[PDB]
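Chains as they are written, first to last, in the authors' numbering: chain A, 1221 to 1237, 1251 to 1499; chain B, 916 to 1159; chain C, 2 to 94; chain D, 1 to 56, 63 to 762, 786 to 1112; chain E, 611 to 793; chain F, 3 to 156.
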Amino acid sequence: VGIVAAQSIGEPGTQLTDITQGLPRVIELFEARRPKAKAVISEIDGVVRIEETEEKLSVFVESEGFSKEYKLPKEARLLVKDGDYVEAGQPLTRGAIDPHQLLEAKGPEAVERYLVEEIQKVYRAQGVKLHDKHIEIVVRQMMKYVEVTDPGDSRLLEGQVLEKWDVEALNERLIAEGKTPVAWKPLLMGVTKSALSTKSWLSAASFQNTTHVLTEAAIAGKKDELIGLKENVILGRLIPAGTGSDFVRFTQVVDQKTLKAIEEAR
Amino acid sequence: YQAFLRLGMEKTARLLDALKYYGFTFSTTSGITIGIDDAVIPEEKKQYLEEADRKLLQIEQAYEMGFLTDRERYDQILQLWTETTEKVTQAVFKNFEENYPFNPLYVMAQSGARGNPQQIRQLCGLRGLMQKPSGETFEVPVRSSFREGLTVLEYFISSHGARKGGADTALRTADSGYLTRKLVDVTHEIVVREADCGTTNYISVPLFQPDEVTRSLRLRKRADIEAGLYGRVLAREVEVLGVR
Amino acid sequence: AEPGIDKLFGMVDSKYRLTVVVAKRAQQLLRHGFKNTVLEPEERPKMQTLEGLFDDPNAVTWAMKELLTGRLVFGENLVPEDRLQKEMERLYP
Amino acid sequence: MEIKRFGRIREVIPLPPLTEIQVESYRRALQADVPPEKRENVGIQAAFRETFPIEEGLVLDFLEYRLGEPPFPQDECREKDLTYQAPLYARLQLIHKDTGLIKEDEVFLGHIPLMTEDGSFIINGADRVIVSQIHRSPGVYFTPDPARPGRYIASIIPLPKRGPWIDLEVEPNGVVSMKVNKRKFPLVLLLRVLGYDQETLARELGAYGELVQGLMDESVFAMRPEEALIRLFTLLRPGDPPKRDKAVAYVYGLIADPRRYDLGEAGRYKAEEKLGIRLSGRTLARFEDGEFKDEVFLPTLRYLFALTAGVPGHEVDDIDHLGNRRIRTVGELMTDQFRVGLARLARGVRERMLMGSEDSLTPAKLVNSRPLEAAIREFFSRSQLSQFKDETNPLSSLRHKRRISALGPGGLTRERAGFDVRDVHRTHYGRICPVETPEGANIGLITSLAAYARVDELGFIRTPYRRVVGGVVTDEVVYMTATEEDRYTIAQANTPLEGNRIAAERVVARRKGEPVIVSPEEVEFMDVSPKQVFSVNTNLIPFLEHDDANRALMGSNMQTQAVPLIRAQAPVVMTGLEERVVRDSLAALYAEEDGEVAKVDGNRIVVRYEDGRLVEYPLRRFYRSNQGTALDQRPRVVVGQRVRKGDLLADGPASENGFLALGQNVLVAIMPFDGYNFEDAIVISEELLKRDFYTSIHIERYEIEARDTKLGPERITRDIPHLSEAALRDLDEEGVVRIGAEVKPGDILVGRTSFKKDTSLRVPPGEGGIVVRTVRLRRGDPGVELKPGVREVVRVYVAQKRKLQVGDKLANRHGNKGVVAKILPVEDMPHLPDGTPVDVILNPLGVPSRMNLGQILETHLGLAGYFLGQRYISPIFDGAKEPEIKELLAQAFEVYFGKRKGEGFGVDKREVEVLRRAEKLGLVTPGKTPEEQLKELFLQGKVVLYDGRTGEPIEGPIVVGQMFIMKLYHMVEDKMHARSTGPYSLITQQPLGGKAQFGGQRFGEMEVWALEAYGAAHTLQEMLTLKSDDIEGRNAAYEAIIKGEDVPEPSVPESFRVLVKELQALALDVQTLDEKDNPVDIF
Amino acid sequence: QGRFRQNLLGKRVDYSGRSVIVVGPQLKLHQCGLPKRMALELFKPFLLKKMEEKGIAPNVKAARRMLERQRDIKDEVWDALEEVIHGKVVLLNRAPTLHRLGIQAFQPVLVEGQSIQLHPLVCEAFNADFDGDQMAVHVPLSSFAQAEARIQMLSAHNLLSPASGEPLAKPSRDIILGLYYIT
Amino acid sequence: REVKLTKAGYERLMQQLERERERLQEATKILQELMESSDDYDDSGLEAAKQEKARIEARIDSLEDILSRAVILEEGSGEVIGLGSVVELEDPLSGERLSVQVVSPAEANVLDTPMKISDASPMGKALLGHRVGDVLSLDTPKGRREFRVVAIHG
RNA sequence: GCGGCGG
DNA sequence: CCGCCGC
Ligand SMILES: [Mg+2]
């Protein structure tokens, strides 16, 4: 599937030639970035209120006791008005949005759904009809890594695989006692950087720098668990996918004549 | 598609070849060809252009008086044609639908065969608005059809666009599926190996879209809704219109 | 397209599974001799210059043709790795 | 065949010398045909006077440059790989401080190439072309500022590249901004340097601006005058002696940096008009009298302040306006490098003034032809501008002879910035074809010039118009400069006229790139002809007016790839330029003066002029074109014939009868076949192959060298070390292969031996043919340049006949391109009522989507010509009209159906049946007689056609006609390598090829993915192993297959192995492991 | 272009070939028109053996010389080739290989000439028209490779697009044209 | 800021957005067909369909912008000529009658019953703020003609 | 690596 | 993007 999704999203790119879009919007979207026309998202979830004219206008999300001041230049176009509610990560300005901010305010389940849809948006307007499945597979990998704030094994300034932490935390509370919670922070790395820092050394030796990659992988006697097409390609071994699939790479065929014949050997 | 789901894969393959064979044969015997007269010009073209033409004088006389701003003049004229051209569009088609149901050029277009409404219009009706170098569309439209001789200048004027399109197809083609490249870079390790993963944390696919005109819940387009739900697996059961 | 590829797919739990069984089976058809079939009687494959597909044109064609019927069995761990090839040489000249 | 043309727009003046661009450019470049008493003022001589008066006291001056004895002749230059250059020397005299003595003498300073009668050059063996160039004509312009929508900035650009890039900007914070080469400084600072005092300056400058408060500001640096010259020098980034070392300032004075362009119109034109007024000298040059004069500086700012103030004259300069765009003719290009060489030589001679004993030094001691030769030579053989002469067919070469490029020096235009330049600008009218540009990246950046477009005194492509006074049109034509065209109100040529008087009230005209309906009283100028709007290349498409510009392009470019067919036929329907192209191109040979013919050999043509001279005109028999196409001159004149001046004596490559012809006119039915003409396939009638309709001759030039190794000279003899005698037959001449032999793939073309052996030029897989000419260059070289080590060279020309086959691709002038899908037996292909079958069947479907009605038109007219037996000439926008065609088609019905009535028979039961389905279709007026009906159906351009396979009609009239279609330089000979196994690189292990083994297609990751996705495990494994690196894998594989067995299983790819070690070679220790983390052995 | 980047960036394949493609109307999505002459070379080794299987040649080296200079080999060498290809399939590739359908598998049916006959319906899959486009062809050596090639890689088996669940074997212009005029 | 329109102006513009929506859905289909067509690819087909589609999308954005933040002023009564006011001007000398209605820049349309003139229009500027009886002029290519506000009507 | 064409 | 042709 990894492939298949990458493909289905790539071909179409060939026809995607204020607010800016097309390939660049697709590159900007896959790559967590700060688009041309940024739109200030609301970090606090309350109601809206404005202050008109004055070389600067201001949109204010206020409620219980505090208001998150939003400075909207005299040349911005805001469409939320003096009065009603605004959830975290809601467009306070008009145009494109910045993933990082939207991740902080609303949360991850929103970033993901944002990316997916905001991506489709372009292909849709270009006639292309591709299943969300694929934009999902990709995007998921864009948040397969998370930072650390509460340590147990390694220190808290690291960026490691999300699931590798679900293993640590699972066996730290479950099998071996002493609930040393491993608090982490979801991280929206860019597609390119997700790739850059992809766990297996074999794969790193390929794109970035082969010196650094092997250097570090040297010190910590790294064991490249052979899974993934790239790395396993080099081995020149059958790919882990397709027919190589661990699921079927081992399958036996017999004839009722030779089967009863094994019982004849018994 | 139906045959695929209904009778199986290979059987469908059979039907495809089948259609392929007949479609082709009938195609040769049908006797369809193109001839300059086959591109028929609507009698009303001379009408709508005249109606729009006089209408243009009104806009002119109106500015030569001082009523409309330098800009308003422009925008109003474009509107004049933008509609006039669309008018002639449905006209040519109306002429084929009522008088020449079996027109070669037409039949080609209607049937998923070849041709596009917009093109058909450049032959029988008229391709009218071609933009200048920058982007601001031209004030004068291309009154001609290809059937009749596209004039010297009208051609030249139209040239600008064809060139910008070529440039666009260039730098966009040679991008070399750049995205197919990067995409592959981040998804080249993803594969399917499993046993129904036990973790049931699902994504709820929205069936309604927020604001464009203002706050008002709408039903996401048929297309898109499909895109998000087709071939999916329901996280949890849902009784909807009587079915479980 | 192919003969009962539909039926075939419905006999396996996964697509790629089919291929594997199909293949390895083609291997046994030639390795341990070409008579290690299960449907040689009336209704076995065939060619058109003469009726000689009865000996060794395309292996896979046989495999699939044989798998279409409930003659062969395929599984994750049906028979002990090494013992399979030893018994086969013995009963097939 | 009668020739009828439908032109109604009085084409006032004939087209100009189509290759004038290059021709004249070189003539004026190097005025070597006329004496030095009236020697020119530009090119060569100008560049001479330029860096000649040498002053180091030393004094070496120019006298006269003479050259003219071409070492060898053209053809010789081609057969010998010799460059066709002229010897160039010049008289130079050295005057001494010792006023009483001087020295005159001559020194030959290298050879310079010459220009052929066609306009092409001959460098190292082959013919090359020097393509035109466009850029920002070194002048002064004012463009709006980048980000700040506020005010605009001034630009001062003068080539060459050495010259400084000057800009002028005014900022908020304060004053002026004049940045030269990555840095900025006060605009006043310099002014003060020159003499412009606060007082005088402000007064005349700010007398209307108020900005001046920007300049008069120096109250500190503005009160010291000369000292400001030193002050400015400090502002140079480098730390250098403050002792008045004009140097870097000397640079932007008069000599190098600005320009030595001809005084008066070169840069001055951009001066006078655009801004300021008079020029002194050549550029802002005046380093005379201790003080400096810069009549250019203040004006530039004097317009800046005018620009930001009022409408003293609205100068917002549109960069792309061809009026600020110059085209570099060959001459200017060659001359340019010439003065660079002149400079390079002048460099050493000054060094050689202090280096020797006074009078002891004379011409030689000051001159070395080393600089100039490497200079020029480098341009013709290395410059990214001189290229292979695209000679697929004459026309082709001709276009390539006149196309304009943007990329080049790099200082004119680059790669990544062009969206702006790529557009066909307003000003391109009649100066640049809007259709000639190529598809894909590099679009709109490289394009051929227009019809009448001719380069003036300094580049600006001028175009011809017709001045009109009152309601009267004149023949008095003027070639206007892009800028000058805007001042007037020009009108189209389509404007109805009664000789000299206009005919309508609302008569179209275009003010300034703007369509406007003007009055007869306001028409100041009129267009010459519709032709001028496009290129020669484009001007060849029949009903261009009915063809979408986008496809028209495909159509123009396709002609450039037409290939010479033995039987050359001019288009059943022409534009009106075919005659001309063959004429100004030099394909055919014309008669100079009136006279009679003597000998009409098949190799030569000797005629006797009535004046008193009898000349022998040899005919290039069968020469190898650059692209490998036949180039023969076939005499069209009989012995003893009275020839008119300028009459075709012999026909060129594709020009038969004197008309241009590429491809042939074939009868064509426009309908769908099984699927043989599916997406863009074409069906062909075996019948075509029979009359050698589409057959082109081709030549491949295989070359082998007798290299000199320190292991023993590679001799060239009949001795073939491995004992064959059956492969030594054709190789009769000791070493060489015999002329007229049939060489097949794998035969020996030439034999050779080298040290430890048979190293012999063999027939490379693919094909050979018949050996037709052979060239050997032994020891005592007559006048050839044999590279070093190269003992002797051997050239072998081979040719064969290209009959049209399934892989080949043809296409019409409108843009319908396609490949032959099936060659049908005349037996069963679409035949007409009368036995005549069609030749090709085009699929209708490819016409609607693409917009090119033009073809469907040509076909209709082409149908008339078949039964009317006549060819027609339809002008670009002024050609044949829909009514006139129906008229000729009506005439054609009397030939087709008329002879039918007399011959004795009527209508078929089939003809009646299709008529039923036709009336029910609405093609025929119900109620008329079949006779009458069919006529009305024929006029539509459609006739009845019976299947041929079934003999049953094809329900519904189908259109048919004579469409002119060509075969392209696309043979399938370049399209199919079939490799089973063979040679592998010895460095990387790749199935590379070379001689006998073809290469294997690459698989790239782009395709691996493709496989990965499929789940194509082994299919992928196989591609990376058994088929590529596992030397033991591919081995077992081969063997197995030899055995009819089942390929072995893959062992660790050497790439894995090779990696373990590469990793062992370093500290890193890559250890493979088992199930339970334990070792495992690759070996 | 180092060594770690070597195993991935790609390389040239044995048992390959490429030619100009031409539409093959009669041909079924199942098959593909391949030039015998090309097949000969493509399936050379496989042919050699079959040559000995049939009296045409005594041994391999003989069968090879037999094809070294001889002009036709007529019906018999041909009978053998056509016999060796029986149920085997080859792969085809189109210029830019964009999606998994960029390469499809077909059963080769030997034909005259130079061009390669391709099925019309798959012309959509590979962005491929007939104005001279050329496709490359490959051969699955292993009986395992052959298997997957014809099972999960053949054309007629990959009808739907992995992009969207919509078909890619959609009838194109000509077919539709016909089918419409008749209904 | 704010855009002002008449009830008639609102309906007209709202309907326009509706029509343009159907046009956009139709231009969509076409583009989709072309992209999957890929027969005679790389030609006018795509660039044209996409360009047309763009011109549409642009008119839609400007229509959705003006319609989302416009105000409605109920002014059938009043005296001074303001937005929505339908004035009638009589050329003194010739006695020529003219019917005009000044409205916001977005409502302007020479095709309406009374010629809808932009608020920020030269003629539109001159008329706003004046009442029945007034006399004023502005520049005109041929010269300068003064008109007298004949009457002010709803 | 520079240049030209084709899809 | 891949394929070729040449200093
Ligand atoms: Mg194509």
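For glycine and all other residues, C-beta sits at the position ideal for the given N, C-alpha and C.
Whose Cβ in chain C lies nearer than 8 Å to the Cβ of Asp689 (chain E)? Numbered from 1 along the fifth sequence, position 79 holds the residue referred to as residue 689 (chain E). Correct list: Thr50.
On the DSSP bridge list, what partners appear for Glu112 (chain D)? In the fourth sequence, counting from the first residue as 1, residue 112 (chain D) sits at position 106. BP columns for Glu112 (chain D) point to D:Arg97.
Within 6 Å: the Cβ of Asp739 (chain E) and any heavy atom of ligand 1? As a working note, residue 739 (chain E) is residue 129 in the fifth sequence. For ligand 1, at least one heavy atom lies less than 6 Å from the Cβ of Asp739 (chain E).
Name the one or two DSSP bridge partners that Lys1304 (chain A) has. Here residue 1304 (chain A) corresponds to residue number 71 of the first sequence, with the count starting at 1. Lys1304 (chain A) has A:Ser1291 as its beta-bridge partners, per DSSP.
With 16 as the cutoff for other CB atoms within 10 Å, does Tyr916 (chain B) come out buried or exposed? Within the second sequence, the letter at position 1 stands for residue 916 (chain B). The residue is exposed, with fewer than 16 neighbouring Cβ atoms inside 10 Å.
For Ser1009 (chain D), go through chain E and note every residue whose CB falls closer than 7 Å to its CB, in chain order. On the fourth sequence, residue 1009 (chain D) is found 980 positions in, with the first residue counted as 1. Going along chain E in sequence order, the residues near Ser1009 (chain D) (Cβ under 7 Å) are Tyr625, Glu651, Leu652, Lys654, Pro655.
What does a CB cutoff of less than 8 Å around residue 1162 (chain B) pick up in its chain, not counting 5 residues either side in sequence? A query on residue 1162 (chain B) cannot be resolved here, the shown segment of chain B reaching from 916 to 1159 and no further.
For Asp857 (chain D), name the three-state secondary structure that DSSP assigns. As a working note, residue 857 (chain D) is residue 828 in the fourth sequence. Helix, per DSSP.
Taking 7 Å as the limit between beta carbons, can you name the residues of its chain near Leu1435 (chain A), skipping five residues before and five after? For this step, residue 1435 (chain A) is matched to residue 202 along the first sequence. Correct list, in chain order: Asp1457, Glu1464, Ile1467.
Grab me the residues of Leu637 (chain D)'s own chain with a C-beta within less than 7 Å of its C-beta, minus the 5 sequence neighbours each way, in chain order. The residue you call residue 637 (chain D) lines up with position 631 of the fourth sequence. So the list reads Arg626, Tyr629, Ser631, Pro659, once near-sequence residues are dropped.
State yes or no: is the beta carbon of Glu76 (chain F) nearer than 7 Å to at least one beta carbon in chain B? Walking along the sixth sequence from the start, residue 76 (chain F) turns up at place 74. So no, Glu76 (chain F) is outside the interface.
For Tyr895 (chain D) and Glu271 (chain D), what's the separation of their Cα atoms in angstroms? By one-based count along the fourth sequence, residue 895 (chain D) stands at place 866. By one-based count along the fourth sequence, residue 271 (chain D) stands at place 265. Each residue's Cα considered, the two are about 56 Å apart.
For chain B, is any of its Cβ atoms less than 7 Å away from the one on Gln962 (chain D)? In the fourth sequence, residue 962 (chain D) corresponds to position 933, counting from 1. Not a single C-beta of chain B is nearer than 7 Å to the C-beta of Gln962 (chain D).
Any C-beta of chain B sitting closer than 7 Å to the C-beta of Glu77 (chain C)? As a position in the third sequence, residue 77 (chain C) is number 76, starting the count at 1. No, no contact with chain B.
CA nearest to the CA of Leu964 (chain B), picked from B:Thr1004, B:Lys926, B:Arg988, B:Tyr989: Looking up residue 964 (chain B) in the second sequence gives position 49. When each option's Cα is compared against that of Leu964 (chain B), the closest is B:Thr1004.
Rounded straight-line distance, which links the Cα of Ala255 (chain D) to that of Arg142 (chain D): Here residue 142 (chain D) refers to the residue found at position 136 when the fourth sequence is read from its first residue. Here residue 255 (chain D) refers to the residue found at position 249 when the fourth sequence is read from its first residue. Whole-angstrom Cα-Cα distance: 25 Å.
Please check if any C-beta of chain A sits within less than 7 Å of the C-beta of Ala1094 (chain D). On the fourth sequence, position 1065 is the one that residue 1094 (chain D) refers to. At a cut-off of 7 Å between C-beta atoms, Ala1094 (chain D) does not count as an interface residue with respect to chain A.
Considering Cα atoms alone, identify which of D:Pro854, D:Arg879, D:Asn872, D:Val819 is closest to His843 (chain D). On the fourth sequence, position 814 is the one that residue 843 (chain D) refers to. Measuring C-alpha to C-alpha distances from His843 (chain D) to each of D:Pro854, D:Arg879, D:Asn872, D:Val819 identifies D:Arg879 as the nearest.
Going by alpha carbons, who is nearest to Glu622 (chain D) out of D:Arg978, D:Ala656, D:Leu1055, D:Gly131? As a first step, residue 622 (chain D) is located in the fourth sequence; it is residue number 616 there, counting from the start. Closest option to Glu622 (chain D), Cα to Cα, is D:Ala656.
Range covered by the beta strand (DSSP E) that runs through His1367 (chain A): On the first sequence, position 134 is the one that residue 1367 (chain A) refers to. That residue, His1367 (chain A), is in no beta strand (DSSP E); its alpha helix (DSSP H) goes 1365-1374.
I need the boundaries of the beta strand (DSSP E) containing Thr701 (chain D), first residue and last residue. Within the fourth sequence, numbered from 1, the residue matching residue 701 (chain D) stands at position 695. 701-713 is the extent of the beta strand (DSSP E) around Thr701 (chain D).
Are the CB atoms of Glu442 (chain D) and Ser562 (chain D) within a distance shorter than 7 Å? The residue you call residue 562 (chain D) lines up with position 556 of the fourth sequence. The residue you call residue 442 (chain D) lines up with position 436 of the fourth sequence. Here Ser562 (chain D) is near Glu442 (chain D), since their CB atoms are less than 7 Å apart.
Chain A within 7 Å of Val1101 (chain B), Cβ atoms only: Indexing the second sequence from 1 puts residue 1101 (chain B) at position 186. Yes, because at least one Cβ of chain A sits closer than 7 Å to the Cβ of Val1101 (chain B).
Contact set for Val1221 (chain A): own chain, Cβ-Cβ below 7 Å, skip 5 residues either direction: As a working mapping, residue 1221 (chain A) is identified with position 1 in the first sequence. A distance below 7 Å between beta-carbons, with the five flanking residues on each side excluded, links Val1221 (chain A) to the following residues of its chain, in chain order: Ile1370.
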